[PDB]
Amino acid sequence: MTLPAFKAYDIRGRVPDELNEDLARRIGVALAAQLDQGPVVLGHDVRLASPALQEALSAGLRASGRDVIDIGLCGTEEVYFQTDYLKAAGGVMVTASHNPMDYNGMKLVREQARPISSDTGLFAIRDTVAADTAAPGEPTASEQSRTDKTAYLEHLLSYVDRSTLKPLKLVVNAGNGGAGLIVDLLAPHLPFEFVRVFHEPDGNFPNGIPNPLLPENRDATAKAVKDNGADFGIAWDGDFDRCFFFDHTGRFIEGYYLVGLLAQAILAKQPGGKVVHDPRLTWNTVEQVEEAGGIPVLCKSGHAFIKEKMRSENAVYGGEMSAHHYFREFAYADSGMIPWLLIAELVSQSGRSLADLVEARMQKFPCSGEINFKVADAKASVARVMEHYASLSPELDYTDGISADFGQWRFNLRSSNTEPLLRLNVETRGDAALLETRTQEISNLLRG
């Protein structure tokens, strides 16, 4: 067998049986063998085990002659930004993002914060670590502490015209992850009044693990927006590379609609640019990008595909319906901070509420949201769906699972490559009744 903690795109596992300090040190040794010349940036999140795992990673890297740049407690996007900004050979973020408290992990990048994934170095590292019975060497390189966030903060602020910002009232919900530290460092430079919910970093997570998709966690942000009359609310996952929006009514905004909104925001700054989007939900993004003078570029979902497509296209922005937003000028990386700064600027400049900015789009292209199905046989379940609809002759696309376009409605059906888990997304052309009957029909077929 193989080490279960090595996944398709990162390392994650239960501490200490799936991930521990010895494994972390061996990963540092293995990573040093995979990178071009240069130092390695290390950062970590608020989880209790994260500092010790980072220190073991540093020990392995320095045993292999790599200088380490320790940027300390941070978000995942800061490892991306500093790896690129400091022209490092690579970087590692120690984080489990949104997983349970006994879990941790790592996200690995090389030069320019390019992802290291299972087929681009991560499984080479796994097998090296798995075979490594060598004695731990001693450090032949130094660690430098570099916690200065000035360049990162200046970069974030460069996305908005601060003289155009209004003193909006914004709920911010770090979920006791790390986002509140960055909010507080941005605040002196912004006119907003912040309503801070679950703000203090606490790896014990007394208010729940940081996952704004859980309805109970969703409701703390919604309640703060409604009780304070806030313009909108923002919540983050624990390492805040994902953000989530709540309009002034407390309504959680489905991430699909943020792709089109942010693309229009960016295209006003970078006219004629290309915008990369995923295949799960498409019609609204294609229309909004084209109306703003941009060029939409379809791409398989998952950050490694999006980033490499953005690079090959010189795309200014990429967005996934699942709360991932990527920016060319940000090393083609994802940020949970840039998106809400852009949205706050859009609300400020337009005089429109976030609710009204998305309302007509939600009416024009209603969607199901992503619906997950644990099935006995994913391949047979997909076959049942496709056989049922064969007589309607949908237009089929295989960019990412199966996309089927029927004219006034479409769906995307994708398989989990690890667990027998299908993911369904449906959308229609302004027809909520059709959305529900087709969603339920597909659901019945999948469960059959």
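For every residue, the number given is its place in the sequence shown, counted from 1. Rigid core: the largest C-alpha set superposing within 1.5 Å between the two forms.
Undergrad: Core fit done; bigger CA RMS in 6 other deposited structures of this protein for 94-102 or for 148-156?
TA: Looking at 148-156 and 94-102 in 6 other deposited structures of this protein, the bigger mover is 94-102.
Undergrad: Find the stretch among 420-428 and 18-26 with the larger RMS C-alpha deviation in 6 other deposited structures of this protein, all structures being superposed on the shown form by the rigid core.
TA: Of 420-428 and 18-26, the stretch deviating more in 6 other deposited structures of this protein is 420-428.
Undergrad: Between 140-148 and 83-91, which has the larger average Cα B-factor in the PDB entry?
TA: Stretch with the higher mean C-alpha B-factor: 140-148.
Undergrad: Decide which of the stretches 125-133 and 331-339 has the higher mean C-alpha B-factor, going by the entry.
TA: Stretch with the higher mean C-alpha B-factor: 125-133.
Undergrad: Name the one of 216, 239, 320, 200 with the greatest CA B-factor according to the PDB entry.
TA: The listed residue with the largest C-alpha B-factor is 216.
Undergrad: Among the choices 249, 176, 368, 120, identify the one whose CA B-factor in the record is greatest.
TA: Answer, based on the entry's C-alpha B-factors: 120.
Undergrad: Would you please rank residue 50 by its C-alpha temperature factor against the other modelled residues of its chain and give the third it falls in: lowest, middle or highest?
TA: Tercile = middle for this residue's CA B-factor.
Undergrad: Is the Cα B-factor recorded for residue 57 in the lowest, middle or highest third of its chain?
TA: Lowest third - that is where residue 57 ends up once the chain's C-alpha B-factors are sorted.
Undergrad: Looking at the C-alpha B-factor of residue 40, is it in the lowest, middle or highest third of its chain?
TA: CA B-factor rank for residue 40: lowest third.
Undergrad: Quick one: classify residue 231 as lowest, middle or highest third of the chain based on its Cα B-factor.
TA: Residue 231: CA B-factor falls in the lowest third of its chain.
Undergrad: Lowest, middle or highest third: where is residue 25 by Cα B-factor in its chain?
TA: Its C-alpha B-factor belongs to the middle third of this chain's values.
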